[PDB]
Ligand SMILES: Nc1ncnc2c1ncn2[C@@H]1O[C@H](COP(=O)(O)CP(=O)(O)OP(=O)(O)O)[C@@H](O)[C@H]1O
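Just one chain is shown here, as structure tokens, and it is the form deposited without this ligand.
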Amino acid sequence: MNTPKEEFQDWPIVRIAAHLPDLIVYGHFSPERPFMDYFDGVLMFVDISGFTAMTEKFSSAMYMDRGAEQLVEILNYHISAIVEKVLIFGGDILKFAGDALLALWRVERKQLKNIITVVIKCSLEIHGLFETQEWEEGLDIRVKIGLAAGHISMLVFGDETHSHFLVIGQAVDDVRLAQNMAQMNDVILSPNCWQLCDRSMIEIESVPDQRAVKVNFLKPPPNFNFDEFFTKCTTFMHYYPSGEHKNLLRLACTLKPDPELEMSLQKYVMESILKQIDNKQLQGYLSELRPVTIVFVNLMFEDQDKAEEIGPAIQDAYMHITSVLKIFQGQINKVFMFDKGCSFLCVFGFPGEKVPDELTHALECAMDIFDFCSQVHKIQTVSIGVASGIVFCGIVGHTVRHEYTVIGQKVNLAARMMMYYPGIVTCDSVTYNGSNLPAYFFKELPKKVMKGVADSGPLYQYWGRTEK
């Protein structure tokens, strides 16, 4: 008999799995929401704002109405290379944002030391991708890397139709802190990472007024062989592609149809993405420069380190947020957490979710969320930033690991507003002027210098319908 080869690997379940980390794909968790689990790992936070700041100029007439198509193409070219490095070195890309990606090497406590070495090497090789690369006249196509290590908590929250996850805890906070100490081309280790690492491998230096350290060099001992060392480390990497599947970047590429599993995984993925996955929408429909309203919600907790308290709080907030968003076809694009604040990047006006009065509704939705979440047990402060303008939407990443992501100055603005104007609902000038709501529903705010925003324009507090 003949032996035709090539296992078919393009099933819907596999396509869905591209949008998710191994943490979720192979997780098999209880149905309770919230669900929490705990482990140890090494984290890598790669700041990619250097080249995703490209977005503004892709709206220029120069790109002849193909700005979004060109932007996703060039971004994915670069980001794909980063993802491949992460994957080949054994890491799990947890999420993408417009300005960063976060990767995890989950391992038993005893192997943290050796895995940090692996992750440093990976980091250095990532920087190596960009050492001599630019466009037009600007080589700011470079990245900044923070690494952290230690205890990590995982939270899964959602309802019967939608799920979201976060990793949280000090190591997660640490990786964020480390990355924003990094200059271009730097690899910065959190204090704990530095404490736990193989100091014989690496030369570091101090970071002024900081216990974090900068990696100057990976200088391995005389008879060290990284490839053999890596192979030893793979013993502790549950899903590293191997044997007959050593040619694949992800084990998830080998997933077979399993309706129960697919039911669980699809809950993490937006319906419009599922439509594309199911070949019921053109594969390029979701790459666009689109006017939207961003409602960025930040929840700060009474006790920031107590995962057991924050989980139920986020779940309670989520249940309300999703109900309010349904009422106006708003969608949660991302959920993020560091600094102890949990933030929901909500979007009004995504593809196929048009509808006029987007501004009035965004503001009313923001206020509703604010009022409700402010009453949630353990939520100390709610802050909401509302900004409206043209943003890039598209699936960003590698073929095998990518996510629908929104990128733009207005996303950054809403994000900065919620942090620099805590405890209130704020909006930009577009939103204020477009709502046409009475002017006394607002308060004109002092201008604040916000990191990453040049010329925010006049900003406003949405005070609401009444003085009280």
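Definition used throughout: the rigid core is the maximal C-alpha set that superposes within 1.5 Å between two forms. Numbers follow the displayed sequence, beginning with 1.
Not on display, but discussed next: the form solved in complex with this ligand.
Overlaying this ligand from its position in the entry with it bound puts 3 or more ligand atoms within 2.4 angstroms of backbone or C-beta atoms here, which marks the pocket as blocked. Of the candidate stretches 336-344, 115-123, 359-367, 316-324, only 336-344 contains residues with a heavy atom within 4.5 Å of this ligand in the entry with it bound. Proximity of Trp105 to this ligand in the entry with it bound falls outside the 4.5 Å heavy atom cutoff. Although the partner is absent here, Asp428 sits far enough away that none of its heavy atoms falls within 4.5 Å of this ligand in the entry with it bound. Although the partner is absent from this view, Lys448 stays clear of this ligand in the entry with it bound, with no non-hydrogen atom inside 4.5 angstroms. Contact between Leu87 and this ligand in the entry with it bound is not found at the 4.5 Å heavy atom cutoff. Distance criterion of 4.5 Å from any heavy atom to this ligand in the entry with it bound singles out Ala97 from the list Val156, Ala97, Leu289, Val269.
Along 406-434, a non-hydrogen atom within 4.5 Å of this ligand in the entry with it bound is carried by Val406, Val411, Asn412, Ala415, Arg416, in order along the sequence. Of the residues listed here (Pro221, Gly128, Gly284, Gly138), only one shifts its CA by 2 angstroms or more between the shown form and the other one after fitting on the rigid core, and it is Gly138. After superposition on the rigid core, displacement of the C-alpha of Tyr404 between the shown form and the other one stays below 2 Å. A movement of the C-alpha atom of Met419 falling short of 2 angstroms is seen between the shown form and the other one when the two forms are aligned on their rigid core. The Cα shift for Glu308 between the shown form and the other one, taken after rigid core superposition, is smaller than 2 angstroms. Here's the thing about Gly389 and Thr52: their CA atoms end up at least 3 Å closer in the entry with it bound than they are in this form. Pairwise change in the entry with it bound: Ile93 and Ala53 C-alpha atoms lie farther apart than in the shown form, at least 3 Å.
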